[PDB]
Amino acid sequence: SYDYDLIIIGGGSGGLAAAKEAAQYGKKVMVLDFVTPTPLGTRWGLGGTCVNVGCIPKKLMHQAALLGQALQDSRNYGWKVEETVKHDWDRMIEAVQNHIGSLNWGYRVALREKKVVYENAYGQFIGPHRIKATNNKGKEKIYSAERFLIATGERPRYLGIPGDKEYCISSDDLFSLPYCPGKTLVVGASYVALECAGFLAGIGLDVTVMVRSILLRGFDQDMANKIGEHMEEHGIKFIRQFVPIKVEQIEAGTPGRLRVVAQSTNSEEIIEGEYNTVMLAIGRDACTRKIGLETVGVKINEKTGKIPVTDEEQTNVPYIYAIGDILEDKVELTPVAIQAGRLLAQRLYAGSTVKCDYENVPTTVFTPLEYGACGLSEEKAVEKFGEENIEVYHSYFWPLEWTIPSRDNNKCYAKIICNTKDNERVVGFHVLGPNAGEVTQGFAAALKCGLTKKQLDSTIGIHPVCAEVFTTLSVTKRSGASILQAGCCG
Amino acid sequence: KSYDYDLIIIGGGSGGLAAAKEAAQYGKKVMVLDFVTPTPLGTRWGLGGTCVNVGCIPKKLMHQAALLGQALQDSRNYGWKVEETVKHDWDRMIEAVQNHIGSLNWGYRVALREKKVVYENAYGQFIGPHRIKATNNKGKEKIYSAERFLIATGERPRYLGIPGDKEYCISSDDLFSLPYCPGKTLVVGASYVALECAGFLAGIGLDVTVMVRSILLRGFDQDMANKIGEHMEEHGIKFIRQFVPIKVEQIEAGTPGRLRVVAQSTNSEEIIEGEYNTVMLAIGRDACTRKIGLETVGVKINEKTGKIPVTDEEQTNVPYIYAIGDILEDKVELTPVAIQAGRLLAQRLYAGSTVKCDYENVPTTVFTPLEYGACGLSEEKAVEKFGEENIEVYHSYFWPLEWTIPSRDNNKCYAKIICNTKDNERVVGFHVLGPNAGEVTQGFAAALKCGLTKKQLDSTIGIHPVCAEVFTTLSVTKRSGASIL
Ligand SMILES: Cc1cc2nc3c(=O)[nH]c(=O)nc-3n(C[C@H](O)[C@H](O)[C@H](O)COP(=O)(O)OP(=O)(O)OC[C@H]3O[C@@H](n4cnc5c(N)ncnc54)[C@H](O)[C@@H]3O)c2cc1C
Ligand SMILES: Cc1cc2nc3c(=O)[nH]c(=O)nc-3n(C[C@H](O)[C@H](O)[C@H](O)COP(=O)(O)OP(=O)(O)OC[C@H]3O[C@@H](n4cnc5c(N)ncnc54)[C@H](O)[C@@H]3O)c2cc1C
């Protein structure tokens, strides 16, 4: 009957996921993926945001920044290393890209092998069960399928001020930028902002951060402030309550010099500075407005852009589904989108009845001092249950590996939120410290089995591991006791 | 009725000091005895216990130096302009290590002081009911009495019983303070301690060799163990299987000297010889329960092994004497567990608590060049408890994103979980071999305290890009028999 059994628009995380999973159950599948260039004209291969301008690139650069310190710790452990080592940006970028490349080509083969058709083209709906695929050279083509998957994902959002698109770079441009961005400026307080401000500073670049309001909106604010405080204390510069209003090229080059003017958010004050680069990280917009959603009947939320869907990842149009960052009121993370896409393909062609659960999803913001969390924030939690039925156990901690180099003591920190009405159930987990991601995974798994404080205490901790601090948490926030060492060094 | 103290603790160690403090917190008169008998080579250390002085701490820390070496090589491909090979100054490391333990020593001291607990740097020995004889360092003695006692003496490195050992060989106790690059080293044994040390020693450059009687990590998942060895073998360390030394002769003394080690195979009667700069023994530890006067008071210990039997309340056969820690019979020989037992006892005793310390499913990690943490049943011991037909094994390989750029050891790391099919595919065993293994495990161990199941695990979303996430999507089983390369 139709051309294909399933067509996937967007070769992204949840894209390629459902693709392979659907292909696995002998269906005819076609994935179309096309990457519209960035204002400065940046392009990249198959894979998605995570692979080319997200997780992968982000985390790796974070690595180079962490290795930086490791070089500086290595000294006290006895390694004869120079007081200050230098860093070659062009060598780094290159390496990073070389890997993304392999990831690209890998995914390609991955589709080939699973007998899935990949078309490097932009897709838009023209009418029921029909889609318009436009390639790079311009030549179009039409296809039809019994069902459709929207996995287009979003893109970096700009300010709408003089000079941005023209002189500023975004997360897309960065991971491939070909020059020491030199003194940089990061406009925004997002995880992306912070992690990037984060590794750049960690490579030695002079870094400044411009914040409209709060840090990490949506995250435990207490944890956030701490991240900031750590950020400030280790080099990063912060300007609070200031949005830029114009970016002016004082000279072009690799890099150039630029003047950024900004207007405070609470007064008439205006300030000016010149930096070598300016990256904007103030949000990202769903790529749902230019695909033909009218010509097929999809109701999205024209206001925000996200797509409302059902617990089966189904739109309002029974043969058109959407999974990923584009969904309305969900979780914008790769492993999530992949579970959705995988689970869908199963729900659909395998008789599965399992729905991708979006409750209590773990995360990790890769700031200089990582911070992973799972479950409710302190605030959100209190709000849901009421300050009297919620207790918070917290503590600081110092990583054994940090004693010898003798740095940052009483800087790492942990806390869990419990619901006294429900057997002191662990509703929220929060840790700030190294390798926080590794530390969090499993506790998330614990939440899926209803961990409780009694049960947590019953656990014995590993020693000496950062993660063990959760097994022995005796101090409550409400009791009001203090949390510090009777030595205070670091 | 009426005694000197309310509670006496023999042994100022992990569980010792733990119980000391928790009890003092409930207004009891406590006294802690801790004394360190020298090693044959004559080394001694401060308050604290094995962990702090010749164990966890020094061990991990040196592991760190070993790991930082790697970091120094990785840093290259990430953009840091460093030399092709950097040099490591042992003396300087040892020093750093020692300087931290001190603070730990003195910290505990103060810790007790402020908590109003009495501490005497003396050897304790029971002389009769509710009475103990504390001999100090210069030999002066003194007698104390208490309504209850706590044994927390823990073990010590065991020796072979062959010519040359106590006289030319070192143990874990001697190592972490050795005042000289051990040079070509030989580590006799295949215990975590053995491999761990052999591991970092090899990691800072030293020519390392390991001699094994039989298998590696007896007691551990043998599959996991092999992978640890095969990995150690792959990154420097040299092994010699089925051979125990029979004599160690001094070819010359020095800092360090040269020594000959003569060994006899176990499968034949062949005999080999080699000379190394030092020779460390990691063949076992023997509880210190033989010389404290346990006869004089009524304590029955298992004279065979050394451990002490006790109830599910860490109570001995004598109602007023309790024991916690490495010296217990059939339990768990790790620091956190001892600390829990001590803490929980004090509470069960003097605070009306009724909580028992659970020893089932205790997480642990071995800090070999390639960390390995595990929780619960091994595969073998697992099968053996439920039967090959009721146990399914999911496992995967994985490659840490941080390893990609430096381009190394791909398909070395490895995960694995054991489920009991007859019980909602419950997770009965967790095993991971990869970096930051401990961090990764901790939480899963807490998952087990809540009966995590494979359905539930699958319903968990992973963190990206984190090593840990590998356990959120395990599709392959060992029984199905597909591949993972
Ligand atoms: C800087 C940064 C760092 C991040 N770090 C992390 C992290 O560490 N961990 C984490 O879990 N998540 C991270 N994320 C989020 C993660 O990248 C996304 O959640 C994930 O990539 C979304 O998967 P997706 O398929 O829904 O969207 P995508 O991965 O972006 O897939 C979308 C693809 O579809 C293509 N496409 C769009 N429209 C069309 C069309 N009309 N026709 C054809 N093709 C089209 C696009 O070109 C794109 O390549 C990060 C994001 C950013 C920006
Ligand atoms: C190399 C090594 C590495 C280890 N690594 C780890 C690890 O990473 N994680 C982990 O959890 N565990 C580890 N352990 C085990 C851990 O050290 C023990 O489980 C823990 O120290 C036991 O606590 P304890 O109080 O029962 O024994 P101890 O800590 O040894 O306390 C015993 C103290 O009592 C003193 N004492 C003995 N007899 C007398 C006496 N008659 N009078 C007065 N004082 C006395 C001793 O001198 C000693 O200082 C390691 C052990 C070694 C050897």
# chains A, B, ... in the order shown; residues from 1 in each chain; ligands from 1
>>> closest_atom_pairs(of="chain B", to="ligand 1", cutoff="12 Å", atoms="only C-alpha atoms and all ligand atoms", output="tab-separated table")
residue	atom	partner	partner_atom_place_in_ligand_line	distance
B:401	CA	ligand 1	8 (O)	11.5
B:461	CA	ligand 1	11 (O)	9.9
B:462	CA	ligand 1	11 (O)	8.3
B:463	CA	ligand 1	11 (O)	6.1
B:464	CA	ligand 1	9 (N)	4.5
B:465	CA	ligand 1	9 (N)	6.0
B:466	CA	ligand 1	9 (N)	8.8
B:469	CA	ligand 1	11 (O)	10.8
>>> select_by_dssp(residues="segment 34-152 of chain A", states="helix (DSSP H, G or I)", output="MDAnalysis selection string")
chainID A and resid 49:53 55:73 89:113
>>> residues_around(residues="segment 218-230 of chain A", least_positions_apart="6", cutoff="7 Å", atoms="only C-alpha atoms", output="PyMOL selection string")
chain A and resi 369+377-379
>>> write_last_selection(atoms="C-alpha atoms", output="PDB file, in the first residue's frame")
ATOM      1  CA  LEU A 369      32.138  20.553  40.170  1.00  0.00           C
ATOM      2  CA  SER A 377      14.149  19.552  44.237  1.00  0.00           C
ATOM      3  CA  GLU A 378      13.983  20.726  47.851  1.00  0.00           C
ATOM      4  CA  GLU A 379      11.509  23.514  46.926  1.00  0.00           C
TER       5      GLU A 379
END
>>> residues_near_ligand(ligand="ligand 2", cutoff="7 Å", atoms="only C-alpha atoms and all ligand atoms", output="ChimeraX atom specification")
/A:462-464 /B:10-16,33-37,47-51,54-56,59-60,122-125,152-155,172,193,288,291-292,324-327,333-336,338,364-366
>>> residues_around(residues="residue 102 of chain B", least_positions_apart="5", cutoff="10 Å", atoms="only C-alpha atoms", output="ChimeraX atom specification")
/B:45-48,52-53,97,107-108
>>> write_last_selection(atoms="N, CA, C and O atoms", output="PDB file, in the first residue's frame")
ATOM      1  N   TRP B  45      52.683   2.940  63.998  1.00  0.00           N
ATOM      2  CA  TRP B  45      51.800   4.000  63.572  1.00  0.00           C
ATOM      3  C   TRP B  45      50.803   4.446  64.602  1.00  0.00           C
ATOM      4  O   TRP B  45      50.584   3.755  65.595  1.00  0.00           O
ATOM      5  N   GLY B  46      50.169   5.585  64.313  1.00  0.00           N
ATOM      6  CA  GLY B  46      49.238   6.221  65.232  1.00  0.00           C
ATOM      7  C   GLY B  46      47.831   5.745  65.435  1.00  0.00           C
ATOM      8  O   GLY B  46      47.384   4.795  64.812  1.00  0.00           O
ATOM      9  N   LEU B  47      47.128   6.423  66.325  1.00  0.00           N
ATOM     10  CA  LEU B  47      45.782   6.029  66.619  1.00  0.00           C
ATOM     11  C   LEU B  47      44.974   5.924  65.327  1.00  0.00           C
ATOM     12  O   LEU B  47      45.307   6.539  64.293  1.00  0.00           O
ATOM     13  N   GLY B  48      43.929   5.129  65.316  1.00  0.00           N
ATOM     14  CA  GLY B  48      43.173   5.096  64.079  1.00  0.00           C
ATOM     15  C   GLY B  48      42.762   3.718  63.597  1.00  0.00           C
ATOM     16  O   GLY B  48      41.554   3.447  63.442  1.00  0.00           O
ATOM     17  N   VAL B  52      43.098   3.684  58.252  1.00  0.00           N
ATOM     18  CA  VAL B  52      43.781   4.939  58.273  1.00  0.00           C
ATOM     19  C   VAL B  52      45.285   4.871  58.066  1.00  0.00           C
ATOM     20  O   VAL B  52      45.875   5.682  57.393  1.00  0.00           O
ATOM     21  N   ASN B  53      45.919   3.886  58.669  1.00  0.00           N
ATOM     22  CA  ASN B  53      47.371   3.764  58.645  1.00  0.00           C
ATOM     23  C   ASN B  53      48.108   2.839  57.680  1.00  0.00           C
ATOM     24  O   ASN B  53      49.246   3.144  57.274  1.00  0.00           O
ATOM     25  N   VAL B  97      51.452  11.119  51.688  1.00  0.00           N
ATOM     26  CA  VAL B  97      50.580  10.100  52.257  1.00  0.00           C
ATOM     27  C   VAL B  97      50.647  10.072  53.764  1.00  0.00           C
ATOM     28  O   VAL B  97      49.619  10.079  54.449  1.00  0.00           O
ATOM     29  N   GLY B 107      43.519  13.621  64.460  1.00  0.00           N
ATOM     30  CA  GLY B 107      42.140  14.008  64.460  1.00  0.00           C
ATOM     31  C   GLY B 107      41.343  13.145  65.422  1.00  0.00           C
ATOM     32  O   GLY B 107      40.601  13.668  66.257  1.00  0.00           O
ATOM     33  N   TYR B 108      41.497  11.818  65.280  1.00  0.00           N
ATOM     34  CA  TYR B 108      40.797  10.834  66.125  1.00  0.00           C
ATOM     35  C   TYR B 108      41.059  11.089  67.548  1.00  0.00           C
ATOM     36  O   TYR B 108      40.162  10.986  68.353  1.00  0.00           O
TER      37      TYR B 108
END
>>> residues_around(residues="residue 23 of chain B", least_positions_apart="6", cutoff="9 Å", atoms="only C-alpha atoms", output="list in words")
residues 7, 29, 30, 343, 345, 346, 347, 349, 350 and 351 of chain B
>>> closest_residue(among="B:337, B:433, B:160, B:143", to="chain A", atoms="only C-alpha atoms")
B:337
>>> residues_around(residues="residue 159 of chain A", least_positions_apart="3", cutoff="10 Å", atoms="only C-alpha atoms", output="NGL selection string")
:A and (162-165 or 187 or 243-246 or 280-283)
>>> residues_around(residues="residue 441 of chain B", least_positions_apart="4", cutoff="7 Å", atoms="only C-alpha atoms", output="PyMOL selection string")
chain B and resi 373-374+437+445
>>> closest_residue(among="A:332, A:387, A:3, A:154", to="chain B", atoms="only C-alpha atoms")
A:332
>>> atom_distance(atom1="atom CA of residue 484 of chain A", atom2="atom CA of residue 395 of chain A")
8.4 Å
>>> select_by_dssp(residues="segment 42-212 of chain A", states="strand (DSSP E)", output="MDAnalysis selection string")
chainID A and resid 86:87 117:119 122:127 130:134 142:150 154:156 169:170 184:187 207:211
>>> closest_residue(among="A:317, A:180, A:356, A:488", to="chain B", atoms="only C-alpha atoms")
A:356
>>> closest_residue(among="A:188, A:490, A:405, A:12", to="residue 214 of chain A", atoms="only C-alpha atoms")
A:188
>>> closest_residue(among="B:6, B:402, B:269, B:165", to="chain A", atoms="only C-alpha atoms")
B:402
